[PDB]
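*Asks:* got a sequence here, can you build the structure:
(chains A, B, C, D, E and F)
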Amino acid sequence: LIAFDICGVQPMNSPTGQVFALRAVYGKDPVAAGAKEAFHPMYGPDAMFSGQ
Amino acid sequence: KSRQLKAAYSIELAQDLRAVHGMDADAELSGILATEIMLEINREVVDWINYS
Amino acid sequence: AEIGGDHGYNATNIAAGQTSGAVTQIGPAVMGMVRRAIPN
Amino acid sequence: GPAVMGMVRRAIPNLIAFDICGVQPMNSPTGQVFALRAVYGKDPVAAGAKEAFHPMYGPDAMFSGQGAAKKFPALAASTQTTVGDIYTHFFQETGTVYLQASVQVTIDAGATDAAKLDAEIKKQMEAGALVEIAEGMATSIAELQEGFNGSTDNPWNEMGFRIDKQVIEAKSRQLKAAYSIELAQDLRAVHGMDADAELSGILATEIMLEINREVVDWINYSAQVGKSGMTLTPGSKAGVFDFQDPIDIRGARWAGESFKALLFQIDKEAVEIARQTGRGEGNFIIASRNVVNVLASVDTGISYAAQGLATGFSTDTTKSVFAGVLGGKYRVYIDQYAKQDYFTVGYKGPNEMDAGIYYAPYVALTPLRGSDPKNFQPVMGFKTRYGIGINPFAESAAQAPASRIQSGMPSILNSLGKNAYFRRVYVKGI
Amino acid sequence: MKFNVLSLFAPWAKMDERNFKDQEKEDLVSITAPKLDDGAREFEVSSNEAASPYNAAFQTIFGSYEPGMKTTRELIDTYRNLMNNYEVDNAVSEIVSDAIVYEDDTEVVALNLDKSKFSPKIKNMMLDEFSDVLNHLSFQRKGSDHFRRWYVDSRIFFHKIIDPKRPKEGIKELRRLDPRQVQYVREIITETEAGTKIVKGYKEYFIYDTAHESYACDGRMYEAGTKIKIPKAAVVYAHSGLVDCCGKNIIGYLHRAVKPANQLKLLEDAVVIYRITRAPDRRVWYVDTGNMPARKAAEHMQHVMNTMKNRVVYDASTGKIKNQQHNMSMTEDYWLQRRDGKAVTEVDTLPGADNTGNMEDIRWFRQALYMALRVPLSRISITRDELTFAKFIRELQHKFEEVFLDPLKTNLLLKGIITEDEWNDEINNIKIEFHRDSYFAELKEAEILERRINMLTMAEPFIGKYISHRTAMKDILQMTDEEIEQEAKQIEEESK
Amino acid sequence: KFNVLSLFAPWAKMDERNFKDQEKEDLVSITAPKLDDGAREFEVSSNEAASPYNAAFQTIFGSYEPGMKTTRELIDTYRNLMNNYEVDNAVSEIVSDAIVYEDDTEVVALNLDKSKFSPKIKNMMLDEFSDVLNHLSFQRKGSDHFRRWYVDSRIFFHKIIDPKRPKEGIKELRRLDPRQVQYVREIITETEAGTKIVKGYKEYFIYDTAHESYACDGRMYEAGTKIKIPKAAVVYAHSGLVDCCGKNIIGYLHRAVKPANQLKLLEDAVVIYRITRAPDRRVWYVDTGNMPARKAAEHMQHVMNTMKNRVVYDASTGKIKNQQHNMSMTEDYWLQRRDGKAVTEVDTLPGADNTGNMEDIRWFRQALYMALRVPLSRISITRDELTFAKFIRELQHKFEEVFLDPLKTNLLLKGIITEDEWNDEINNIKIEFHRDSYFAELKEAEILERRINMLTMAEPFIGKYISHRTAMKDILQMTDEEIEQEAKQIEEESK
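*Replies:* Numbers count the residues shown, from 1 in each chain, chains lettered A, B, ... in the order given. Shown next is the structure:
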């Protein structure tokens, strides 16, 4: 078998635990239709946002 | 989520296996169940990789 | 359940190590043998 | 504690262990024993095959001899002999006998069973009509054996042997206590009992007692009945020894001389056992406490007459079960649970496989412990597994078993009343 | 050997079987109680045993374990629990240190064959074998640990080995056995008219049977497993002759300290909590808020609770009060409003962690404990306690010593250098000596001499009148006559 | 395998040879692990038709990793104990005694006074030894290496080889970070009713990568995986100190952790009792009986915000902040209340009372101090001093493997020396060291004075009772050779 060679573990200390994450977003509204992240890898940065 | 298996075996048999092959085989049953479960998990992980 | 089972008390099956359950046997231990005394 | 007066309980009886039987410790279930049977007649395994050696049968005195050339007429009911000829008969006991006819007479035409024919033949033998005879083969015949000089049908008689076997299997026995917490607690507060340990003792004890009792019963079950056949006094009561009947005591009165009569019969039975097994005179007796009381009160040595108190051999069944050694010759055990009054005798050799009856332990007295969570009451118990068996040839009557394989375990067919190693005697009149 | 069970140890089985038979041959009979002085647990079997193979041995172990060795295992764990504490472990250190002396440019425990033997060649062979035992154990570096464990758990055991291809020179390195895993027994192989008093070679075997399936301590992933029956000859062991009121449930010297070790631990912790508790301030507020559901009253309770709560801590990493700037007010001004017409709402204070000691019981108990650990009272010239401990230690050494005598005769006998009969006649004296602290030895000897000199000096004026000089040397200087002549002869040489 | 971790290819070869030697050994019919201390063994039982090692694998994997976690908790604690007073010095004093090093003194030094193949080898070995010390920068940091061994319970290093010409390109060691290496032993063997085999165990180690930042723990993570590396590649040593059982190795300060914390807890308790309630303390009450909160709150304020004081201590300059002059003759308070009832009043509270009698805190402090493995003479020569000298020697002796290991490694690879020779030589190739010579000289002098005193007393009897040869060997403790040498030297000096 391939025990964990290609995976993470993050073992529990509580059953049924939780994980979190944080996204950097722009336009002063953490939750909005059309909201975009500052650094998503598949999308270029808005060079004009900080510019013209 | 959980997993669990049982051995459900005869004591008389274990007494004889020791006499017949030098095997108490209780250790063997433990090993079998342990082996199967970890093996079942290993495959599970591989399939979640395949599925996702 | 993992029952070893038993013999049928049939000498053939005993000798052959045949059982009713999960495990068959190698065969009976030799307890020795008999020859008869020669008359004086 | 209103003046507690202590307490009582029963003592545990002792056992004869396996002192008079095989012990075969096993390291596996289902062991096996095999045997070689010297045989002749060119086919070691056949109906009618003849064994070269047997404790109860005479040899075929003319097998390598004249019988090689010619068949002898058999004796049969109603036939008439011819003076000077030789007739053959295989007796139910004493085996192959060749008898020359001194007279021209008939033999019990009204005979039916072989037993009746044998009886008349024996009478004719006693009478001098039939005499045991053997001779070698005329050399002029021997000269051409194996078809020499154009001759035919002249093979030499041949011998060989047949190896076959028997096997055993272990049966088991288990008991539990199924006791309660509250009772055990009260007992701790009454006598200071553990009330698990006492139970453990009881269960283990009972199992051991049963096994030993079973062996004794198997001895009684397979033993042949004595004061019979070759050990029978013809005016006797067939299998039973009395004190109230002069036939068994040669007219004795006066216990100092009368009691010795039993010792005499015991030797006869022990000797016949050797005759049956081919190994040796019986070396052990187990008997009712009443029999032993008699043995212990008579001088068993050879003397004019003598009687006294029963001090010769322990007689209790409270310290031991082993009374002592009779005449310095037989190991005397007490059948503390005899149903009537009697005594079995037998022979056990230095060779563990030479015993007739065998005990072969594999698993014994395994303790078990736990408790049932529904009420959490304790459960405790013990398990044993062993198996017993019998000697190939124990029957002795047959020269060989069917199919070259048999169970080595006792059964009615295999051994009830048949075992060559032991003989039963019923006792009355003490 | 009825069956070749665990053929791995057949060479040991041969040794025990040999000894068993030789014991049976000898008239080791007419003995009322089993001829067992000390050591491993007793058990009885039937006449002609009727209790074999090893499965019967397992019956013995269950009966001897369930109500028996299981307790022994607790005691072993207890000794560790005892030693785990301070004011305990150091006593052991002192004992071990005195028991085995380690010094530079000198020897370590050594075999000293200064009593009659067949020849110097044999003696040299014995000395080499001794050295190899120590080499096997790396004793000169790990002897302290071997001894320490022996002392602390009251028992040391080492598994011996035979090749077996060329068993003649078979002893190789010894292996310490894991504590608690093995039970030793001696079975009475006999029965007569109710109460045998005859010969038995007693089996002298042992069984290993632990599992990490049930932990005494977690983190363990190996154990004995099933019931393994191995012959006595296979091992080397020793213990102190210390047992309970009955049975063979072996204890150590330190057993005596268990009581006070825990009384002290218990008192120490009690003292700590006595003083720690109530060190901070302490106050309970009682608020007169009636005629309200909890869902309403809670607002009034929070009004007070979030105003009167001095929401600060003492920073024990850095000695400061969190957010308390400036460092301390000259007062803490609190306030409460009452709703009823009587002064019922208030805040009570609780009494505080004051100091009532008189902290002296703990001292008494500590002293009792220290003593209980088998130590001199000279610790927290030459005196009685030191002499007493020198004796305690030579006995500990004397007993421990079997750890060398056993593998020594084993390999000597295995090779064939000496015979078994010779060993038994020779020891007597095949003694092994332990080094003695040279510093203290010199001081002791010096004081003895000083006294001898002083007494000689006092006698001096009367030597030509009442006390011959030969006599003074004999009684005052405690010399033998050979020693006196030797000194006279050496003086004549010095003078020339 | 393909040895993906090419990093240790030459070390792997060294382990293969040692492993093979074990396979060729007759160490069979052994039920015991044959182990005393160090690397953690477990039943990785294989090469048999049962394959139980799978459970062993899963146990290590599934439970990763209380062994090292506990180790971290212990080490982190060890450091935190060392951070306090007294513990700090006890460690320093011990480390200093273990490695004493001063202007033009001796360093730990390999003393090859036992038989060797050749004096040429003796010099080669000493030269390599010096380089081991240079690799360790012993002359500058020997103290730090030892301190970690003592405190964290273990010391270990990564050995570095070429690898092109591995027996020649032998480089200095890299001291490994405590808490990052797991040492293990695997029982890869089985037989009838369990292994009774050699159990070579490999005795390899595993390095856990980690990159803590300001985390002061593996706060988010350490660094994923760990690498299994052959034992030949690591120098290591440890204290002979464990938990009740197992390979649960502890530091020298572990024994003191109980009282160390009790003392700190007690000390904090002393402080809190003493500072708490130091200010004046008092609660004002206001009778707002039968008023709604809407009004009661202001009536409360009519006293609460008016009778409130304005004083705090200036701890930078011992002044009462903004209070000039420094103090009034009296604090004027007044209050009006709605009725002749003690409701609207001020109730003062208990202050920072004195308690100790700081004897309890002292009892524990004293017990702790001695628990640090230090003499009670600290805060001429007695039994305890002698004891400590033995203790320090022993500590240095266990530590010593730190030099013997890289020494044999390099010497064997150069070969210089063979494995057989190493094994025969040691036995004893003991590394001696500089000890505090100030105190050593004092010891020697006091011993001599005593010897002189004894001889002086003996003097009147030398020509009648105690001969010279005897006095010299018994009283002055001279060897036979020493005695002849002293006589010969006198004959020369006399001319």
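*Asks:* what residue is smack in the middle of the chain?
*Replies:* Unless you meant another one, I'm taking chain A. Computing the C-alpha centroid of chain A and ranking residues by CA atoms, centre = their mean puts residue A:23 first, at 4.6 Å.
*Asks:* oops, wrong one, chain E.
*Replies:* In chain E, the C-alpha nearest the mean C-alpha coordinate belongs to residue E:152, at 1.6 Å (CA atoms, centre = their mean).
*Asks:* sec struct for the residue in the stretch 251-400 of chain E that chain A sits nearest to, please.
*Replies:* Nearest residue of the stretch 251-400 of chain E to chain A: residue E:317, at 25.6 Å (CB to the nearest CB). Every residue, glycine included, has its C-beta placed from N, CA and C. For residue E:317, the secondary structure call by DSSP: H, G, I helix; E, B strand; the rest coil comes out as coil.
*Asks:* also residue E:284?
*Replies:* Residue E:284 - assigned by three-state DSSP - is strand.
*Asks:* could you check how far the closest residue to chain A within chain E is from chain D?
*Replies:* When distances are taken as CB to the nearest CB, chain E reaches nearest to chain A at residue E:218, 16.2 Å away. Computed as CB to the nearest CB, to the nearest Å, the residue E:218 to chain D distance reads 25 Å.
*Asks:* OK, contacts around that residue?
*Replies:* Residue E:218 is in contact with residue F:66, counting by CB atoms under 8 Å, 6 or more residues apart in numbering or on different chains.
*Asks:* sorry, back to before: any idea how many residues pack against the residue of the stretch 251-400 of chain E closest to chain A?
*Replies:* Residue E:317 is surrounded by 7 other residues when neighbours are defined as other CB atoms under 10 Å in any protein chain shown.
*Asks:* for residue F:264, see how far away it is.
*Replies:* 11 Å (CB to CB, to the nearest Å).
*Asks:* which neighbours do these two have in common?
*Replies:* Counting by CB under 8 Å, 6+ apart, residue E:317 and residue F:264 have no common neighbour.
*Asks:* can you give me the helices for the stretch 301-450 of chain E?
*Replies:* E:361-372, E:384-400, E:402-415, E:420-426, E:438-459 (DSSP state H, counting those that start in this stretch).
*Asks:* also chain C?
*Replies:* When assigned using DSSP state H, the helices of chain C occupy the ranges C:11-16.
*Asks:* and the residue in it that chain B sits nearest to, how many neighbours?
*Replies:* Shortest chain C-to-chain B distance, computed as CB to the nearest CB: residue-wise this is residue C:4, at 3.1 Å. The burial count assigned to residue C:4 is 22, neighbours taken as other CB under 10 Å.
*Asks:* residues touching the residue nearest to the centre of chain A, list them.
*Replies:* When the contact criterion is CB under 8 Å, 6+ apart, the partners of residue A:23 are residue A:37.
*Asks:* how close does it get to residue A:36?
*Replies:* 10 Å.
*Asks:* hang on, the residue nearest to the centre of chain E packs against residue E:81?
*Replies:* No: distance between residue E:152 and residue E:81: 11.3 Å, which falls outside the contact criterion (CB atoms under 8 Å).
*Asks:* host element of the nearest residue to residue E:190 once chain neighbours are set aside?
*Replies:* Counting by CB to CB, 6 or more residues apart in numbering or on different chains, residue E:190 lies nearest to residue E:196, which is 4.3 Å off, once chain neighbours are set aside. Secondary structure assigned from DSSP states H and E places residue E:196 in neither a helix nor a strand.
*Asks:* the closest residue to the residue of chain C closest to chain B other than its chain neighbours is in what secondary structure piece?
*Replies:* Of all residues beyond its chain neighbours, the one nearest residue C:4 is residue B:13 (3.1 Å), with distances taken as CB to CB, 6+ apart. Under DSSP H and E, the secondary-structure element containing residue B:13 is helix B:11-21.
*Asks:* and stretch E:172-192, how far out from the chain middle?
*Replies:* 20 Å (CA atoms, centre = their mean, to the nearest Å).
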